[PDB]
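Q: If you're matching positions, the sequence shown starts at 1 in PDB author numbering and goes up one per residue.
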Amino acid sequence: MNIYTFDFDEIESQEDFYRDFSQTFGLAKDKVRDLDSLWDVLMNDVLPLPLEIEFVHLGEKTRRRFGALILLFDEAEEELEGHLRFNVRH
């Protein structure tokens, strides 16, 4: 139900993501710094579920560079019985 968007025209490293993510969900300092900490927050009922995460303006190469993130989010969706929706642009 809550829709959040990540515009990759403004994200260039995974580090940029973690910060934009924390900023978007009002999370503290470094509650999310790497993949494992991102995964915990997705697993520990911390987010405003049900929600949808939209990855936008992500092209070929960038999709590939951020593949770990895309993998993590498809799995969170698989694990959160659709309470979390993840979509990459087109």
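Even for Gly, the Cβ is constructed at its ideal location relative to N, Cα and C.
1) Looking at C-beta atoms only, is the number of pairs between the stretch 67-87 and the stretch 20-34 that lie closer than 8 angstroms three or more?
2) Nearest to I11 by alpha carbon, out of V56, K29, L80?
3) Please state the DSSP three-state secondary structure of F66.
4) State the Cα-Cα distance for the pair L35 and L69, rounded to the nearest angstrom.
5) Thinking just about the alpha-carbon of each residue, which of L51, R64, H90 is nearest to the one in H83?
A: Inspection of the coordinates gives the following:
1) With the rule of 3 Cβ pairs closer than 8 angstroms, the stretch 67-87 does not count as touching the stretch 20-34.
2) By one-based count along the sequence shown, residue 11 stands at place 11. Of the listed residues, the one whose Cα sits closest to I11 is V56.
3) Your numbering for residue 66 matches position 66 in the sequence shown. Reduced to three states, the DSSP call for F66 is coil.
4) Reading the sequence shown from its first residue, position 35 is the one you call residue 35. Reading the sequence shown from its first residue, position 69 is the one you call residue 69. Our two residues, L35 and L69, have alpha carbons roughly 8 angstroms apart in a direct line.
5) Against the sequence shown, residue 83 aligns to sequence position 83. Residue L51 is the option with its Cα nearest to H83.
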